[PDB]
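Cβ placement follows ideal geometry from the backbone for every residue including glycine, while neighbour counts extend to all protein chains displayed. Computed from the coordinates by the stated procedures, all read-outs in this text should not be read as laboratory data.
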Amino acid sequence: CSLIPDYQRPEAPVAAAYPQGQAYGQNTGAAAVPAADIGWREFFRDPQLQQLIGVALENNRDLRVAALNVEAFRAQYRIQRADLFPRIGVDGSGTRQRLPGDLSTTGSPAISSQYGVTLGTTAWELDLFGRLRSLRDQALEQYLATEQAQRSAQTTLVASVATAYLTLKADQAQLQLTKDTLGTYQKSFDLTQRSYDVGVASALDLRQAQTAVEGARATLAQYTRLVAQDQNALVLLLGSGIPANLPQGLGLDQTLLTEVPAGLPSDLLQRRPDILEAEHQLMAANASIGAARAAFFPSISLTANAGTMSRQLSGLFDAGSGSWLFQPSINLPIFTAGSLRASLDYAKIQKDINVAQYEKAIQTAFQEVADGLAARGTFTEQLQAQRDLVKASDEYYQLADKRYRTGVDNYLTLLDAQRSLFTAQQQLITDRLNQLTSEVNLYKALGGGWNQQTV
Amino acid sequence: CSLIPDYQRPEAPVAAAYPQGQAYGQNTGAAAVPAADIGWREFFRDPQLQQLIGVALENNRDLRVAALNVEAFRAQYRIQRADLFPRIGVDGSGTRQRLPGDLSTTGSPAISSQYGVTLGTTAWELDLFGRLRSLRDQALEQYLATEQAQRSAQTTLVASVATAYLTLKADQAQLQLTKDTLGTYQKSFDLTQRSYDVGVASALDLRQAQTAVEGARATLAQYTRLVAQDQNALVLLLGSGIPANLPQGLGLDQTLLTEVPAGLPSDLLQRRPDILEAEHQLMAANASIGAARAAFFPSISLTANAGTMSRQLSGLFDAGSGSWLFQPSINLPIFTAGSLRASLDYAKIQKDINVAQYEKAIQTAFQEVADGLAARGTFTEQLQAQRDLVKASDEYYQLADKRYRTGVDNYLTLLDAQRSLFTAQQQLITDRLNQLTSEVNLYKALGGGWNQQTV
Amino acid sequence: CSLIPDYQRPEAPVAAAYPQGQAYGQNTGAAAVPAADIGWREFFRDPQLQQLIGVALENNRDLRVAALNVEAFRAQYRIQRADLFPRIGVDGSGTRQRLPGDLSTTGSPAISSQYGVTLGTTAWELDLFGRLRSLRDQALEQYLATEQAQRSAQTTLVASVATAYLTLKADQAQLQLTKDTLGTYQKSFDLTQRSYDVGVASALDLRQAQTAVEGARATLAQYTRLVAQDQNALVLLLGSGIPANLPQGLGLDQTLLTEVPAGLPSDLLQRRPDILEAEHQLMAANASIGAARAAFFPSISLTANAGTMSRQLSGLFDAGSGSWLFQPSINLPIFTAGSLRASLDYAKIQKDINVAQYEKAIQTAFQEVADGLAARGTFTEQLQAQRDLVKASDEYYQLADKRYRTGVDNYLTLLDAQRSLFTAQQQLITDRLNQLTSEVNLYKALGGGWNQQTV
């Protein structure tokens, strides 16, 4: 008979819907195609990024640690299930003891020798009241939790390598713009050096033009540092090196990522891997309270073995020398000092700390999906205002170019308009990077990318 | 007899007082009332913040994990001291053993059937040389360590909810100031648009106005994202949601928190939770070294049982047959080839490990008090300076408004004055936030967020 | 007869050499002297750092926790080694079994009595199959992992105290520069106050100069608290206080850190501490696989002791009551419930988990040293441009001073020049602190400071 108590899923401390406000959008209350049913291959529309996901799925090491830990706790489940069945094993035995004058059968102090080679089982208990079955349920549900933690490790891997490639892709263009700013500053210094060599400009404007080009060289070396360190932070996450068969990836000024419907706060509890990892931890916990409840009842321990036993070693086997042994045994405690009740209360509040950690996990998941929704609501006008800034500075630069080309104003104010346009382009790229980074983090927060394609 | 070592605390590696230089004002010497017994109701003078902390102490989840691990180690202590008392309980033994005729005293190979229920104890050990009571002392003192760890979890949770609420308030004030700057740039852009339509301002000034207003719209969208970010962080630190029954909270410029005395560096040794849990873990190691010392000495064991063992299938409770077994056992390990000596060495250097972790914890506590005392010593001479900057820019705007309403300068210079005044007020509130979060961290470092009221 | 499989270390997932491009430097061949054998007293060329880092290694406490954990696992190795040898001891006894009348040999209920002390071993198992030797190898190789985990802790402590001392010097230098800018701003303010009383300047330029002065006072205070905060970080990281007999340390203008040959990625597999730590964890699991495989085979347990037995305690010291006992009780399993194969492939995939840990640790080490190589190849051409900026601004200030002394521009343009020069010097101090912390992290990533001088 079993003794595991029943289970109801606890009411999460999440509210009814996602939070509303000036930052957020409007909720679509449908769950037709959720996020975890959308694979990463349809979500990411950059093919070299897709093969970087495909090579980081196979040549990583943290995902390998997780995918080996799931079969490690599968083996732990196999040994905790194997404790249920008996231990049929051949065990030899013998004795050569002297007995004194009072313990011997003869009366004179002499020795006696008895040897035994049998087959059977020692120190095994019959599971009649559900204890090792409860340990088996605890190990099974630890195995299920470890599988879901492997899924969580793959989601937090694919989000990290996606945002690492997005940071590297943005910083390539950052270096490309910083080289053009260095070119504009260098040509401004060349014009001020020509104006100093003839006599129009003094040395003060020459120094003030020189300090700007050394500032441009300093920040150029800074962005080369940051590009190289982000290449190293990417080649850590891939495990293997960057491949040489890269297809032509898309530009950063396009739609790299598709939109995902957020859904309801009750859509997390069925498909988010970390919170139902915590739910299977709670499953192991109430299997453990089912184990601790079975410590009160008696445990039928049966130690049976059948073989041969003889005094003489000259005869290995004989028809008479064959023997068996049965030995039934029951044991229930009567009056302890409370160690059974202390273990029962210990397992009960292990279940209680695991339900506390479960609802803490759903609170953290709801917090990260909530500020992911806030970023989805705000970047769609932040980046649009930044594009209007870019169009305004681009019209300013082309208007300054078409008033330079006639001949009204000199080339130095044209370089000033050009470096202002380049600063605006750098701000546009470092804001599009934050939009794509938080969208990848929202995709990880909803249900993550586990499967390859949709279902 | 018990043989745990006679204990004295290690001396605290600190200075005799807090450091004094240009940054630190002056230490206060002996505190009359210490920093620990100032509850969070007579310390946080904001009533809305007091209700927020009152929700966070009853709805957040890490506090529940710690405040149920305290009963987990209650149950661990109870089972560890219940191991000492005898485990009396009925058991029914038995042999159904075929026994060969050469082993038989009768002569023919026959069986023997002796089985019967019997009440008593199996392998009960007495700690008369003091190992089990030392393990009891170890379990009790690491239970007290987990008690102090629960107090540390509470006094970190109060500080975290306070810092989240203060960052949320400062971000709402920054949202209001940047919304005012966006309003002033729209009030500049429509004037520049009319000056472009009538023909005075060229299109370059119009593109500069578009540059300014789209930069301010991007900054407004960034801050209205970040308000929702830290609001969801406050939702996580509460556990529950924000209640709708709140009073009117205090502002930033008003006195939000009260004064707390620092004291000696010898108050952290008594009234700080992590130092006390390191101390009680050192206590538990000082009991484990006593267990390893008592492992040398003899450990006697008494096992006895009373019942019936009549040799019949149908005869169990028959008058005139009562089993009365009473077997003691002594033991003394003479030669162990360096196992028990290695166990005593291991327990002694575990005690040394806990001494090292105790002094590491007290130095981390000393440093996180000392940097907060440095911030309280010199942030006044920054806040007064930034307040004088805000006052100087305010009277600068008042003189620019006098020049405008007289009629000397146009409206755009008044908008530049409002730009400078809004930048000054934004710098003032982002410094007041740093002050308040640093002295909240100072109050957490002195260890006073535990109790509800004062003493 | 041991069953541990013979090992060869896994091939490195790193590439053939360090990566090269435009940011990286062109690497040399192999190392004449390796990076871990570079003189630790010869690497840091400051007097003060070299005298303070001995106090750092002698009085910091995570290093002491590691250097006591190495003795802890030495004692655990001695326990696991002494478990192989027998454990002989006085196995005392004594039985008083009031047996019923049907089981006693006389036919009447009587008292059965045995007594006596007995010297010898009990339940000791012969380790001729490689089980306890494999557990001894597991303990020995975890000891050898922790012995260089202590070296890794010493490495990161040396790197952390070097970065803390360098950021202390950099914050004191930029504190001095901020104090000089506060002096120049105060001179600008009282010149504008002198030019305000007689009526040359209105009450707008005076307010602008006043806002500049209070901005300087706020900046001076927020650098004073930063100096007092990282000095407290350094006095945490030393453990003891800063000593008073400090020799004069040479500043950031001269050289501080010698050149270190990086070498090859094959050189990193023999001298970096945590790589060999993961290799010894791998070998510990590769001994645990032999420990799991050695349970298929028949274990050879033995029980042997020799004592004197009698009916009463008066017949203990009796010539003719001596006896012995000799029980070779072997055992061998023939039917398990898959537990043996589960333990076998469980230890096999634990070996594969530690393989994945090892070739993840090499990837993290290669990422750290590749970041160091990028910084070493780029900070030279960053700071050459930055010192050209400082030289250009300095001779700009010299031209402005030789413009001022003849009396054609004000003192306020001289203060503009001093503003430019001091901002240039402050940016130079920050970039050189970046170079020094990146090169200290390179020295931590290659081989660390463990050898006290050049080996």
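Things worth noting here:
- Selection status of C:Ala337, under 43 Å from the mean Cα position of the chain (by Cα) and either within 11 Å of another protein chain (Cβ to nearest Cβ) or assigned to a helix (DSSP H, G or I) (or both): no
- Output for segment C:94-108, where each listed residue is facing chain B (nearest Cβ under 7 Å) and farther than 16 Å from C:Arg311 by Cα: C:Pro100, C:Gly101, C:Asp102, C:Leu103
- Taken together, A:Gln172, A:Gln176 contain a single residue that is without any contact (Cβ under 8 Å) to a residue 12 or more places away in the chain and within 24 Å of A:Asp431 (Cα to Cα), which is A:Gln176.
- Restricting A:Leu57, A:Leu63 to those that are within 14 Å of chain C (Cβ to nearest Cβ) and over 28 Å from B:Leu237 (Cβ atoms) reduces the list to A:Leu63.
- Taking the conditions (1) within 14 Å of chain A (Cβ to nearest Cβ); (2) touching a helix residue (DSSP H, G or I) at 6+ places or on another chain (Cβ under 8 Å) in turn, B:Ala306 satisfies each one other than (2).
- Pairs are defined by a Cβ separation below 7 Å, a sequence spacing of at least 6 or placement on different chains, a first member in segment A:121-138 that is on the phi > 0 side of the Ramachandran plot, and a second member that is among the hydrophobic types (A, V, I, L, M, F, W, C); the pairs so defined are A:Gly130/A:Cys1; A:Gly130/A:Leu3; A:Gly130/A:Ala294.
- Among (1) in contact with a strand residue (DSSP E or B) (Cβ under 8 Å, 6 or more places away or on another chain); (2) surrounded by 20 or more Cβ atoms within 10 Å (Cβ to Cβ); (3) of a type in the set (A, V, I, L, M, F, W, C), the one test that A:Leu126 misses: (2)
- Filter result (buried (at least 19 other Cβ atoms within 10 Å of the Cβ) and of a type in the set (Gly, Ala, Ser)) within segment C:330-373: C:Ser339, C:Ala342, C:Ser343, C:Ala347, C:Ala356, C:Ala361, C:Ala365, C:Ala370, C:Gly372
The rows are residues; the columns are (1) under 30 Å from B:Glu368 (Cα atoms); (2) surrounded by fewer than 20 Cβ atoms within 10 Å (Cβ to Cβ); (3) touching a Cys at 6+ places or on another chain (Cβ under 8 Å).
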position: B:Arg405; (1), (2), (3): no, yes, no
position: B:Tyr411; (1), (2), (3): no, yes, no
position: B:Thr423; (1), (2), (3): no, yes, no
position: B:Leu433; (1), (2), (3): yes, yes, no
position: B:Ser438; (1), (2), (3): yes, yes, no
position: B:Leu442; (1), (2), (3): yes, no, no
position: B:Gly448; (1), (2), (3): yes, no, no
position: B:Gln453; (1), (2), (3): yes, yes, no
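- Test: residue in segment C:69-91 that is at the interface with chain B (Cβ under 7 Å from one of its Cβ atoms) and of a type in the set (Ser, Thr, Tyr): no
- Candidate set from segment B:281-303 (those that are within 30 Å of B:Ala445 (Cα to Cα) and in contact with a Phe, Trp or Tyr (Cβ under 8 Å, 6 or more places away or on another chain)); member that is farthest from the other protein chains (Cβ to nearest Cβ): B:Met283
- Residues of segment B:365-378 that are touching a residue at least 12 places away in the same chain (Cβ under 8 Å) and out of contact with any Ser or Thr (no Cβ under 7 Å at 6 or more places or on another chain): B:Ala365, B:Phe366, B:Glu368, B:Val369, B:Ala370, B:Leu373, B:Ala374, B:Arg376, B:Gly377.
Residue-by-condition table, conditions (1) among the small types (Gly, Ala, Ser); (2) assigned to a helix (DSSP H, G or I); (3) under 22 Å from A:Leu238 (Cβ atoms):
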residue: A:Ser152; (1), (2), (3): yes, yes, yes
residue: A:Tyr165; (1), (2), (3): no, yes, yes
residue: A:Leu168; (1), (2), (3): no, yes, yes
residue: A:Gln172; (1), (2), (3): no, yes, yes
residue: A:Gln176; (1), (2), (3): no, yes, no
residue: A:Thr184; (1), (2), (3): no, yes, no
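- The set of residues from segment B:19-37 being closer than 27 Å to B:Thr156 by Cβ and at the interface with chain C (Cβ under 10 Å from one of its Cβ atoms) comprises B:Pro19, B:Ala23, B:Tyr24.
- Residues (part of a helix (DSSP H, G or I) and more than 25 Å from A:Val65 (Cβ to Cβ)) located in segment C:272-301: none
- On the stretch given as segment A:119-158, residues that are more than 19 Å from A:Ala278 (Cα to Cα) and among the acidic types (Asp, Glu) total 2.
- Test result for A:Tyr18, touching a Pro at 6+ places or on another chain (Cβ under 9 Å), of a type in the set (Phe, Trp, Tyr) and in contact (Cβ under 8 Å) with a residue 60 or more places away in the chain: yes
- Each residue in segment C:316-334 was checked for being more than 7 Å from chain A (Cβ to nearest Cβ) and under 23 Å from C:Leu128 (Cα atoms), and 0 of them qualify.
- In segment B:397-421, the residues that are at negative phi reach residues that are in a loop (DSSP other than H, G, I, E, B) with C-beta atoms within less than 7 angstrom, at least six apart or across chains, in these pairs: B:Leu399/C:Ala203; B:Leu399/C:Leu204; B:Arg403/B:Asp409.
- Residues that are within 8 Å of chain C (Cβ to nearest Cβ) and either in a loop (DSSP other than H, G, I, E, B) or touching a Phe, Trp or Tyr at 6+ places or on another chain (Cβ under 9 Å) (or both), drawn from segment A:215-249: A:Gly215, A:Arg217, A:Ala221, A:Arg225, A:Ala228, A:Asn232, A:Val235, A:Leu236, A:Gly239, A:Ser240, A:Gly241
- Hey, B:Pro261 more than 7 Å from chain A (Cβ to nearest Cβ) and closer than 24 Å to B:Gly447 by Cβ or not: yes
- Residue within segment C:193-208 that is within 13 Å of chain B (Cβ to nearest Cβ), touching a residue at least 24 places away in the same chain (Cβ under 8 Å) and surrounded by 16 or more Cβ atoms within 10 Å (Cβ to Cβ) present: no
- Matching residues in segment C:382-431 - criterion: being outside any helix (DSSP H, G or I) and out of contact with any helix residue (DSSP H, G or I) (no Cβ under 7 Å at 6 or more places or on another chain): C:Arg405, C:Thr406, C:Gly407, C:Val408, C:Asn410
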